[PDB]
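Containing compact mmCIF, C-alpha atoms: input33.txt.
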```
# COMPACT_ATOMS: atom_id res chain seq x y z
CA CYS C 301 0.00 0.00 0.00
CA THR C 302 2.75 2.49 0.87
CA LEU C 303 4.55 1.56 -2.37
CA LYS C 304 1.45 1.78 -4.63
CA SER C 305 2.19 -1.54 -6.32
CA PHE C 306 1.02 -5.15 -6.42
CA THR C 307 4.55 -6.59 -6.60
CA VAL C 308 7.33 -5.64 -4.18
CA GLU C 309 11.00 -6.42 -4.73
CA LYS C 310 13.17 -8.02 -2.05
CA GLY C 311 14.15 -5.55 0.64
CA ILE C 312 13.24 -3.94 3.94
CA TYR C 313 10.54 -1.28 3.63
CA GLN C 314 9.40 1.00 6.45
CA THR C 315 5.62 0.79 6.54
CA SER C 316 4.14 2.39 9.65
CA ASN C 317 4.89 4.05 12.97
CA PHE C 318 4.20 2.50 16.35
CA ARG C 319 3.28 4.34 19.53
CA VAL C 320 2.24 2.68 22.78
CA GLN C 321 -1.25 3.62 23.72
CA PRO C 322 -1.91 5.13 27.16
CA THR C 323 -4.27 3.13 29.33
CA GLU C 324 -5.56 5.39 32.12
CA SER C 325 -6.16 9.10 32.79
CA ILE C 326 -5.33 10.39 36.28
CA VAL C 327 -6.08 13.81 37.78
CA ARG C 328 -4.17 15.02 40.86
CA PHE C 329 -3.93 18.00 43.35
CA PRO C 330 -6.95 17.94 45.67
CA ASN C 331 -4.25 17.82 48.36
CA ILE C 332 -5.81 20.36 50.75
CA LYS C 528 -10.15 18.93 41.61
CA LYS C 529 -10.89 15.19 41.44
CA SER C 530 -8.49 12.67 42.95
CA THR C 531 -6.93 9.53 41.51
CA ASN C 532 -4.20 7.14 42.71
CA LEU C 533 -0.58 6.82 41.59
CA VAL C 534 0.14 4.27 38.85
CA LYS C 535 3.72 3.49 37.83
CA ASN C 536 5.64 1.92 34.93
CA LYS C 537 2.62 2.24 32.59
CA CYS C 538 1.96 4.77 29.82
CA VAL C 539 -0.80 7.03 31.17
CA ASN C 540 -2.29 10.47 30.48
CA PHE C 541 -1.23 12.51 33.50
CA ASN C 542 -2.49 15.94 34.57
CA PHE C 543 -0.23 17.44 37.24
CA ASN C 544 -1.12 21.00 38.31
CA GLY C 545 -2.62 21.88 34.95
CA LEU C 546 0.43 20.46 33.18
CA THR C 547 -1.05 17.81 30.87
CA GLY C 548 1.08 15.11 29.31
CA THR C 549 1.71 11.43 28.68
CA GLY C 550 4.29 9.02 30.01
CA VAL C 551 5.37 6.40 32.53
CA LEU C 552 5.57 7.95 36.01
CA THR C 553 8.59 6.02 37.22
CA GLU C 554 10.23 6.55 40.63
CA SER C 555 12.60 9.50 40.95
CA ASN C 556 16.14 9.62 42.32
CA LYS C 557 16.84 13.36 42.10
CA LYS C 558 16.06 15.72 44.98
CA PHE C 559 14.18 18.95 44.33
CA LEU C 560 14.73 22.13 46.29
CA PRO C 561 11.80 22.44 48.71
CA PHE C 562 9.96 25.08 46.71
CA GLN C 563 10.16 23.67 43.17
CA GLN C 564 7.30 22.18 41.14
CA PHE C 565 8.61 21.04 37.75
CA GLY C 566 11.92 19.74 36.38
CA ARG C 567 13.47 19.52 32.91
CA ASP C 568 16.55 18.77 30.84
CA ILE C 569 18.83 20.34 28.23
CA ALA C 570 16.20 19.91 25.50
CA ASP C 571 13.78 22.03 27.61
CA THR C 572 11.03 19.49 28.19
CA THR C 573 9.29 18.22 31.31
CA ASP C 574 11.19 15.35 32.93
CA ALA C 575 10.31 15.24 36.65
CA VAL C 576 7.20 16.47 38.45
CA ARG C 577 6.39 17.00 42.13
CA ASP C 578 3.54 14.91 43.52
CA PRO C 579 0.94 17.51 44.58
CA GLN C 580 -0.52 15.36 47.39
CA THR C 581 2.24 13.20 48.88
CA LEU C 582 4.95 15.78 48.03
CA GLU C 583 7.17 13.34 46.15
CA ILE C 584 9.10 13.51 42.89
CA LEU C 585 8.28 11.32 39.89
CA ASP C 586 10.17 10.94 36.62
CA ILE C 587 8.55 11.03 33.17
CA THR C 588 9.50 8.98 30.12
CA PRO C 589 7.33 9.14 26.98
CA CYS C 590 6.80 5.87 25.15
CA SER C 591 6.50 6.81 21.44
CA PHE C 592 8.69 3.89 20.41
CA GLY C 593 9.97 3.64 16.87
CA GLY C 594 8.62 2.88 13.42
CA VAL C 595 7.55 -0.48 12.03
CA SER C 596 9.32 -1.88 8.96
CA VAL C 597 8.34 -4.95 6.94
CA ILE C 598 10.95 -7.37 5.60
CA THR C 599 10.03 -9.33 2.49
CA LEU N 24 25.58 59.74 56.60
CA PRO N 25 25.92 60.77 52.95
CA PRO N 26 25.75 57.54 50.93
CA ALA N 27 29.25 56.34 50.08
CA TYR N 28 28.62 53.78 47.35
CA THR N 29 30.29 50.37 47.28
CA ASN N 30 30.69 47.55 44.76
CA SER N 31 28.11 44.74 44.89
CA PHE N 32 30.39 41.76 44.19
CA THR N 33 27.92 39.45 42.42
CA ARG N 34 24.87 39.93 44.64
CA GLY N 35 21.18 40.06 43.81
CA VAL N 36 20.83 36.61 42.26
CA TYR N 37 17.70 34.58 42.96
CA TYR N 38 15.82 31.58 41.61
CA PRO N 39 13.62 33.28 38.98
CA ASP N 40 10.99 30.53 38.77
CA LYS N 41 9.76 27.21 40.17
CA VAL N 42 11.58 24.96 37.69
CA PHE N 43 14.28 22.56 38.87
CA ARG N 44 17.33 21.98 36.67
CA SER N 45 20.63 20.11 36.89
CA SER N 46 24.12 20.73 35.44
CA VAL N 47 22.57 22.86 32.67
CA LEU N 48 23.47 26.46 31.82
CA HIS N 49 20.18 28.33 31.45
CA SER N 50 20.11 32.00 30.42
CA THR N 51 17.20 33.79 32.09
CA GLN N 52 16.13 37.33 31.17
CA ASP N 53 14.67 38.89 34.32
CA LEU N 54 15.08 41.74 36.80
CA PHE N 55 18.43 41.29 38.56
CA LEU N 56 21.02 43.57 40.13
CA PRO N 57 23.74 44.61 37.65
CA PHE N 58 27.08 43.12 38.64
CA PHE N 59 29.67 45.45 40.20
CA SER N 60 27.15 48.27 40.48
CA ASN N 61 27.09 51.13 43.00
CA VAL N 62 24.55 50.15 45.66
CA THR N 63 22.86 53.12 47.36
CA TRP N 64 24.40 52.33 50.73
CA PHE N 65 22.36 54.06 53.44
CA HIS N 66 25.22 54.39 55.92
CA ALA N 67 23.57 53.52 59.24
CA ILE N 68 26.78 54.29 61.16
CA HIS N 69 25.24 56.66 63.70
CA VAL N 70 26.61 55.43 67.06
CA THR N 76 25.13 59.77 61.13
CA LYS N 77 21.56 61.14 60.86
CA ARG N 78 20.65 57.98 58.95
CA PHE N 79 17.01 58.62 59.86
CA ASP N 80 16.72 59.95 56.31
CA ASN N 81 13.99 57.50 55.36
CA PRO N 82 12.00 59.49 52.78
CA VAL N 83 9.41 58.21 50.35
CA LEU N 84 12.09 56.34 48.43
CA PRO N 85 11.40 55.77 44.72
CA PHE N 86 10.39 52.11 44.53
CA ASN N 87 11.62 51.26 41.04
CA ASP N 88 10.98 47.90 39.36
CA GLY N 89 12.59 45.95 42.18
CA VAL N 90 14.82 46.81 45.13
CA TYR N 91 17.69 44.79 46.57
CA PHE N 92 17.16 45.57 50.27
CA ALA N 93 20.21 43.90 51.74
CA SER N 94 21.05 44.23 55.42
CA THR N 95 24.13 43.11 57.37
CA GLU N 96 22.20 43.55 60.60
CA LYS N 97 21.53 40.91 63.25
CA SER N 98 19.41 42.82 65.78
CA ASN N 99 17.07 43.71 62.88
CA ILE N 100 16.63 47.40 63.65
CA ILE N 101 14.32 47.60 60.63
CA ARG N 102 11.29 45.69 61.90
CA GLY N 103 8.87 47.28 59.42
CA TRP N 104 8.77 48.15 55.74
CA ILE N 105 5.83 50.37 54.80
CA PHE N 106 4.86 50.64 51.13
CA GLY N 107 2.51 52.86 49.19
CA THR N 108 2.09 55.50 46.49
CA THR N 109 1.29 58.69 48.43
CA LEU N 110 0.81 57.42 52.02
CA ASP N 111 -2.01 59.86 52.81
CA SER N 112 -4.91 57.63 53.98
CA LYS N 113 -6.37 57.11 50.46
CA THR N 114 -4.08 54.31 49.24
CA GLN N 115 -4.24 50.55 49.75
CA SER N 116 -0.91 50.57 51.56
CA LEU N 117 1.23 47.56 52.45
CA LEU N 118 3.39 46.84 55.50
CA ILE N 119 5.85 43.97 55.89
CA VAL N 120 6.20 44.08 59.68
CA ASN N 121 8.70 41.74 61.35
CA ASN N 122 6.81 42.03 64.63
CA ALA N 123 6.89 39.73 67.66
CA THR N 124 4.58 37.13 66.09
CA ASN N 125 6.08 36.81 62.59
CA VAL N 126 6.61 38.56 59.25
CA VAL N 127 3.06 39.88 59.07
CA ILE N 128 1.75 41.24 55.77
CA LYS N 129 -0.68 44.06 56.64
CA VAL N 130 -2.05 45.51 53.40
CA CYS N 131 -5.15 47.64 53.93
CA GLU N 132 -6.75 51.04 53.37
CA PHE N 133 -4.54 52.42 56.12
CA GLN N 134 -5.32 55.95 57.33
CA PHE N 135 -2.14 58.03 57.45
CA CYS N 136 -1.04 61.27 59.09
CA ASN N 137 1.05 64.13 57.72
CA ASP N 138 4.34 62.33 58.52
CA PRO N 139 3.66 58.71 57.45
CA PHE N 140 5.63 56.28 59.61
CA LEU N 141 4.71 53.56 62.15
CA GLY N 142 7.33 54.70 64.63
CA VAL N 143 8.17 52.68 67.73
CA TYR N 144 6.08 54.21 70.50
CA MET N 153 4.71 48.14 69.04
CA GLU N 154 4.33 50.29 65.91
CA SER N 155 1.99 52.56 67.84
CA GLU N 156 2.70 55.90 66.14
CA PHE N 157 -0.47 55.65 64.04
CA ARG N 158 0.86 57.59 61.06
CA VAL N 159 0.34 54.68 58.65
CA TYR N 160 -2.48 52.47 59.96
CA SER N 161 -5.50 53.79 61.86
CA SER N 162 -8.46 51.48 61.10
CA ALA N 163 -9.38 48.25 59.31
CA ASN N 164 -11.86 49.41 56.68
CA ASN N 165 -10.69 47.81 53.41
CA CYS N 166 -8.37 44.79 53.62
CA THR N 167 -7.73 42.38 50.74
CA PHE N 168 -5.54 39.83 52.55
CA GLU N 169 -3.61 39.54 55.83
CA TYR N 170 -0.81 37.00 55.33
CA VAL N 171 -0.02 36.34 58.97
CA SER N 172 2.87 33.96 58.34
CA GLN N 173 4.07 31.14 60.57
CA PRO N 174 4.82 32.58 64.04
CA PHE N 175 8.58 32.12 64.41
CA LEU N 176 11.22 33.29 66.88
CA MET N 177 11.29 36.96 65.88
CA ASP N 178 11.10 38.50 69.36
CA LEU N 179 12.56 41.95 68.57
CA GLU N 180 16.09 40.60 68.33
CA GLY N 181 19.02 42.49 69.85
CA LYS N 182 22.11 40.45 68.98
CA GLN N 183 24.86 42.42 67.24
CA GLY N 184 28.59 42.27 66.54
CA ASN N 185 30.20 40.51 63.58
CA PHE N 186 27.62 40.44 60.79
CA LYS N 187 26.80 36.72 60.65
CA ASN N 188 23.20 36.95 59.38
CA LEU N 189 23.45 38.41 55.87
CA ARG N 190 19.78 39.42 55.69
CA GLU N 191 19.38 39.78 51.94
CA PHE N 192 15.97 40.51 50.43
CA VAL N 193 14.46 41.25 47.02
CA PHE N 194 11.11 43.07 46.94
CA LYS N 195 9.59 43.14 43.45
CA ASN N 196 6.04 43.96 42.32
CA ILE N 197 5.00 42.38 39.01
CA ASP N 198 1.45 41.78 37.75
CA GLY N 199 0.27 42.99 41.15
CA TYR N 200 2.10 40.09 42.79
CA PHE N 201 4.40 41.32 45.56
CA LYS N 202 7.13 38.69 45.46
CA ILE N 203 9.45 38.71 48.48
CA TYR N 204 12.66 36.69 48.25
CA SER N 205 15.20 36.06 51.01
CA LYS N 206 18.28 34.14 52.14
CA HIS N 207 20.15 33.59 55.42
CA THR N 208 23.87 32.87 55.06
CA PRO N 209 26.11 32.24 58.13
CA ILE N 210 29.01 34.23 56.68
CA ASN N 211 31.16 36.29 59.04
CA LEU N 212 32.25 39.88 58.34
CA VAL N 213 32.25 43.26 60.07
CA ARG N 214 31.96 45.52 57.00
CA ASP N 215 30.34 45.86 53.56
CA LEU N 216 29.10 43.20 51.10
CA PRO N 217 31.79 40.51 50.81
CA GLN N 218 32.99 38.36 47.93
CA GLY N 219 31.45 34.98 47.15
CA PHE N 220 28.28 33.76 45.53
CA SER N 221 24.98 32.65 47.06
CA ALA N 222 21.63 32.83 45.30
CA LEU N 223 18.44 33.88 47.06
CA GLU N 224 15.30 31.75 47.45
CA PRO N 225 11.63 32.69 47.26
CA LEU N 226 10.04 33.19 50.65
CA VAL N 227 6.55 34.52 49.88
CA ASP N 228 4.40 35.40 46.88
CA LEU N 229 1.56 37.84 47.50
CA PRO N 230 -1.53 37.09 45.34
CA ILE N 231 -2.71 40.71 45.54
CA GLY N 232 -2.99 43.37 42.85
CA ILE N 233 -2.06 46.56 44.68
CA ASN N 234 0.29 49.17 43.22
CA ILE N 235 3.35 50.55 45.01
CA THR N 236 5.39 53.61 44.08
CA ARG N 237 7.54 54.30 47.15
CA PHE N 238 8.52 52.75 50.49
CA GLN N 239 10.33 53.42 53.77
CA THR N 240 12.62 51.56 56.20
CA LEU N 241 11.29 51.50 59.78
CA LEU N 242 14.27 51.48 62.12
CA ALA N 243 13.42 50.50 65.70
CA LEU N 244 13.75 53.43 68.09
CA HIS N 245 16.21 52.02 70.62
CA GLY N 261 20.81 54.36 65.06
CA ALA N 262 24.01 52.34 64.65
CA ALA N 263 23.12 49.64 62.11
CA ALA N 264 23.82 48.59 58.52
CA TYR N 265 21.31 48.31 55.67
CA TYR N 266 21.76 48.75 51.92
CA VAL N 267 19.39 49.64 49.09
CA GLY N 268 19.94 48.10 45.67
CA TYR N 269 18.11 48.86 42.45
CA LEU N 270 17.26 46.25 39.83
CA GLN N 271 17.15 46.39 36.04
CA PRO N 272 15.78 44.33 33.12
CA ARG N 273 19.01 42.48 32.40
CA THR N 274 19.77 39.00 31.02
CA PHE N 275 21.99 36.53 32.86
CA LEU N 276 23.56 33.09 32.34
CA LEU N 277 23.06 30.95 35.43
CA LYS N 278 24.93 27.73 36.18
CA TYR N 279 23.04 24.95 37.94
CA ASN N 280 24.93 22.06 39.53
CA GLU N 281 24.22 18.39 40.19
CA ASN N 282 22.16 19.04 43.33
CA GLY N 283 20.18 21.62 41.34
CA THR N 284 21.33 24.83 43.04
CA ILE N 285 22.79 27.93 41.38
CA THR N 286 26.57 28.05 41.82
CA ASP N 287 27.70 30.79 39.40
CA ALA N 288 26.45 33.36 36.91
CA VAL N 289 27.78 35.90 34.41
CA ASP N 290 26.19 39.24 33.52
CA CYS N 291 25.38 38.95 29.81
CA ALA N 292 25.91 42.71 29.30
CA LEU N 293 28.75 43.91 31.51
CA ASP N 294 31.96 43.45 29.48
CA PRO N 295 32.98 42.09 26.08
CA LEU N 296 34.31 38.92 27.72
CA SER N 297 31.09 38.46 29.68
CA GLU N 298 29.16 39.06 26.45
CA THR N 299 31.03 36.35 24.55
CA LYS N 300 30.66 33.99 27.52
```

Would you mind writing the file out in structure tokens?
Amino acid sequence: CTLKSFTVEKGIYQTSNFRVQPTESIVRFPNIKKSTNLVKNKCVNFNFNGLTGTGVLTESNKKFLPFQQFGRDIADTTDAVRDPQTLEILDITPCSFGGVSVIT
Amino acid sequence: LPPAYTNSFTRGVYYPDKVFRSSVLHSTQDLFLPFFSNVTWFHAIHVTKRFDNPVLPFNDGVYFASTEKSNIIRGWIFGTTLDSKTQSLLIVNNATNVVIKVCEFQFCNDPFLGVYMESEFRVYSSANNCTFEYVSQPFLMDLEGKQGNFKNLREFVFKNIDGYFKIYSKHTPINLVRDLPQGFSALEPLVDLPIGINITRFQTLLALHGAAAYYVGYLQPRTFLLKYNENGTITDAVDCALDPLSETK
């Protein structure tokens, strides 16, 4: 289909893209909004303090200064977020993982 | 004492936002204190006539440093005209805590809450209109009297943007008996006021026991180049417009 032909020659053709689909949709910060529990190691649709995104909220190892909300990297993108309720830090890792190529 | 200016050796640096970073060199463009500037040192060496606390022009930010440990300046009154028709603000470091009294204070001809408690009712006279009273956590501010070698480097930044009256601070246990020393230490945010009042001028309320020490900086829309470290705290910075070498850095 991507080649617009009924006969393909031997080779490796890149057909599609493949992105993991997020399962759940949590909403935080009624610490003192609706509440939902922490889920880890699974691609979800998180909403932390208005900041909306997608990823796997893994456990963090870095220590924030005790007034900081967000966290980021050289590429200027969200990487670690402060738990609004339990006041903990959680990493973020998006899971848009690679294309899909057919070998024939 | 006529203000004999001195050189602010890399002071007036503060975390400009809530973001955490690590080992990255971010270049913020915000209101800082120009490096190696002449700070309007209000020489409080009276043991002269340093009770020259006029309606000081509150520009877009003020670096109100103080190498004082008895905290002679318990109050900081703010306002535009200070004549009973302005929603005036007071940061009062009273016995309870750093209380934020912003109200439609009724003033007198000589506006100052002089020590008489701030009982000289020349700023506040009644509680008619009051947007918010941020009575902070009551801490051990009991009208301190300790003096000597300036351990507590009471640095403060008082800026008013979008109505918000952001008050930064820092407490460094560095020892000296004279003006702003060398070194580098960034300030932290201490309180953000979610009000929308306007301020034009301010005063410094020395406690009627004066021999003290308190400076007055003035900020500017500059651009910097901070340096965060592994633990995520500012360790160095360069003023992006001070010299050619700083500019190429």

Once you count all atoms listed in the file, what closest atom pair and distance in Å to one decimal does each residue of chain N within 8 Å of chain C have, with rows by chain and rising residue number, as a tab-separated table?
```
residue	atom	partner	partner_atom	distance
N:41	CA	C:563	CA	4.7
N:42	CA	C:565	CA	4.9
N:43	CA	C:566	CA	4.4
N:44	CA	C:566	CA	5.9
N:45	CA	C:568	CA	7.4
N:47	CA	C:569	CA	6.3
N:225	CA	C:562	CA	7.8
N:282	CA	C:558	CA	7.1
N:283	CA	C:559	CA	7.2
N:284	CA	C:560	CA	7.8
```

CA of residue 552 in chain C to CA of residue 534 in chain C measures 7.1 Å

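Interatomic distance, CA of residue 160 in chain N to CA of residue 134 in chain N: 5.2 Å.
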
Find the residues near range 116-123 of chain N: any atom within 6 Å, counting all atoms listed in the file, skip ones fewer than 5 places away on the same chain, and give them as a ChimeraX atom specification.
/N:102-107,128-131,177-178

Long-range neighbours of residue 228 in chain N as a count of residues only, 10 Å cut-off, all atoms listed in the file, 2 positions minimum in chain
11

Which of these residues is nearest to residue 530 in chain C, using only C-alpha atoms: C:322, C:580, C:307, C:546?
C:580

List the spatial neighbours of residue 532 in chain C as a PyMOL selection string - criterion: any atom at most 9 Å away, only C-alpha atoms, same-chain residues fewer than 5 positions off excluded.
chain C and resi 326-328

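With distances taken over all atoms listed in the file, N:91 is the one residue among N:238, N:140, N:37, N:91 lying closest to residue 62 in chain N.
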
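Between CA of residue 234 in chain N and CA of residue 66 in chain N the interatomic distance comes to 28.5 Å.
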
Excluding residue 302 in chain C and its own-chain neighbours fewer than 2 positions away, which residues fall within 9 Å of it when counting all atoms listed in the file? Please give them as a PyMOL selection string.
chain C and resi 304-305+314-316

Please write the residues from the selection above to a file, keeping C-alpha atoms, as an mmCIF file, in the coordinates of the input.
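Result written to part.cif:
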```cif
data_model
loop_
_atom_site.group_PDB
_atom_site.id
_atom_site.type_symbol
_atom_site.label_atom_id
_atom_site.label_comp_id
_atom_site.auth_asym_id
_atom_site.auth_seq_id
_atom_site.Cartn_x
_atom_site.Cartn_y
_atom_site.Cartn_z
ATOM 1 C CA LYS C 304 1.450 1.780 -4.630
ATOM 2 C CA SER C 305 2.190 -1.540 -6.320
ATOM 3 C CA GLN C 314 9.400 1.000 6.450
ATOM 4 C CA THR C 315 5.620 0.790 6.540
ATOM 5 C CA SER C 316 4.140 2.390 9.650
#
```

If we count all atoms listed in the file and set the cut-off at 12 Å, which residues sit around residue 98 in chain N, ignoring sequence neighbours fewer than 5 positions away in its own chain? Please answer as an mmCIF file with C-alpha atoms, in the coordinates of the input.
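What landed in around_8.cif:
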```
data_model
loop_
_atom_site.group_PDB
_atom_site.id
_atom_site.type_symbol
_atom_site.label_atom_id
_atom_site.label_comp_id
_atom_site.auth_asym_id
_atom_site.auth_seq_id
_atom_site.Cartn_x
_atom_site.Cartn_y
_atom_site.Cartn_z
ATOM 1 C CA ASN N 121 8.700 41.740 61.350
ATOM 2 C CA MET N 177 11.290 36.960 65.880
ATOM 3 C CA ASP N 178 11.100 38.500 69.360
ATOM 4 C CA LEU N 179 12.560 41.950 68.570
ATOM 5 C CA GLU N 180 16.090 40.600 68.330
ATOM 6 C CA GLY N 181 19.020 42.490 69.850
ATOM 7 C CA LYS N 182 22.110 40.450 68.980
ATOM 8 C CA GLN N 183 24.860 42.420 67.240
ATOM 9 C CA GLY N 184 28.590 42.270 66.540
ATOM 10 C CA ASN N 185 30.200 40.510 63.580
ATOM 11 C CA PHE N 186 27.620 40.440 60.790
ATOM 12 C CA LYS N 187 26.800 36.720 60.650
ATOM 13 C CA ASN N 188 23.200 36.950 59.380
ATOM 14 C CA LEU N 189 23.450 38.410 55.870
ATOM 15 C CA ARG N 190 19.780 39.420 55.690
ATOM 16 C CA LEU N 242 14.270 51.480 62.120
ATOM 17 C CA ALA N 243 13.420 50.500 65.700
ATOM 18 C CA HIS N 245 16.210 52.020 70.620
ATOM 19 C CA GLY N 261 20.810 54.360 65.060
ATOM 20 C CA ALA N 262 24.010 52.340 64.650
ATOM 21 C CA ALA N 263 23.120 49.640 62.110
ATOM 22 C CA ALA N 264 23.820 48.590 58.520
ATOM 23 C CA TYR N 265 21.310 48.310 55.670
#
```
